[PDB]
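The chain below stands alone and is given as structure tokens, in the form solved without N-oxalylglycine.
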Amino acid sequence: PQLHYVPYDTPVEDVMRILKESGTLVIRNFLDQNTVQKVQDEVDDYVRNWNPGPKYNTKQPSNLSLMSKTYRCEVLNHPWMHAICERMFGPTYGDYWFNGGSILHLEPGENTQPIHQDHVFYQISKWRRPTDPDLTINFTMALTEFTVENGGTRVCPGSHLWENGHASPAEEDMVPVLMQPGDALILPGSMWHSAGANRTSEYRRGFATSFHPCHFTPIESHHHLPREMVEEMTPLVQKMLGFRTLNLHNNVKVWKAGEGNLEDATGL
């Protein structure tokens, strides 16, 4: 197992094989630079933080899908995300949906993040085998370059196959993920990973998406979003963000409105 970097046109079956063998990979040019920049600009325009000028004469961050039209209209429809999620969660769990998504702004001077698996906050990971499907998957998209010096994510290829209770990987066995703007690192919930120290004078920036099986409760709820935004989402994204009924592998539906579909009861 190694850290693989693959082009955008890599066949899906290759990507899933690499995920199975090494537990992680990078898809180069996952997004164009303009798209990842657009999410940042829309986030900045939402929070409207005051930035002083040279001399004298605001909202708190919320869901990325609420702050960024590009995130909810373009990013969450990314075909690579759904191609992988369909194959990772589909055969066992049926539908999947959005787990959580955050802006990554690694501050200069931040030290090394502890090495961890993402599925630790699922109590059922204590029951899961390494051969089972993953409990969640994360897509980390680079806005700025990911370098060794600015604290880019580090992975340990193959550590997703380790048994439960296995010791953390050694610091020297971590592999830095070197990414250009628009690249994306695929992080299944079983991959041990950590952010490095930002020993530069500039921010390391990016954002994440994550998805997990329909029968698990997402980190984030989007129920507070204005109806106008929901109605402009694709049906796929409406399902991703908790506005539609989900189908289990046994065809039983969850997140229903009574015995019917949520979207029929809300008038979507």
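Quick note: we count residues from 1 along the sequence shown, nothing fancier. Shifts are known only where both forms have a C-alpha. Rigid core (definition): largest C-alpha set, two forms, superposition within 1.5 Å.
Only in words, not in the display: the form solved in complex with N-oxalylglycine, which the text now covers.
Backbone and C-beta atoms of the displayed form are kept clear of N-oxalylglycine by more than 2.4 Å after its pose in the deposited bound form is superimposed, which defines the site as open. Screening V175, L104, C73, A197 for any heavy atom within 4.5 Å of N-oxalylglycine in the deposited bound form leaves a single hit, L104. The partner is absent here, but in the deposited bound form a heavy atom of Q113, alone among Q113, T147, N77, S168, sits within 4.5 Å of N-oxalylglycine. Screening 156-164, 188-196, 123-131, 84-92 for residues having heavy atoms within 4.5 Å of N-oxalylglycine in the deposited bound form returns a single hit, 188-196. Mapping the unseen interface onto this chain, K239 falls outside it, with no heavy atom inside 4.5 Å of N-oxalylglycine in the deposited bound form. At the 4.5 Å threshold, heavy atoms of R204 reach N-oxalylglycine in the deposited bound form. The closest heavy atom approach of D118 to N-oxalylglycine in the deposited bound form falls within 4.5 Å. Residue shifts between the shown form and the other one, rigid core superposed: of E232, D32, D45, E202, the only C-alpha displaced by 2 Å or more belongs to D45. In the deposited bound form, the Cα atoms of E231 and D45 sit 3 Å or more farther from each other than they do here. Mapped along the sequence, displacements between the shown form and the other one of 2 angstroms or more at every C-alpha, sustained over at least 3 residues after core alignment, occur at 44-50, 58-62, 249-251.
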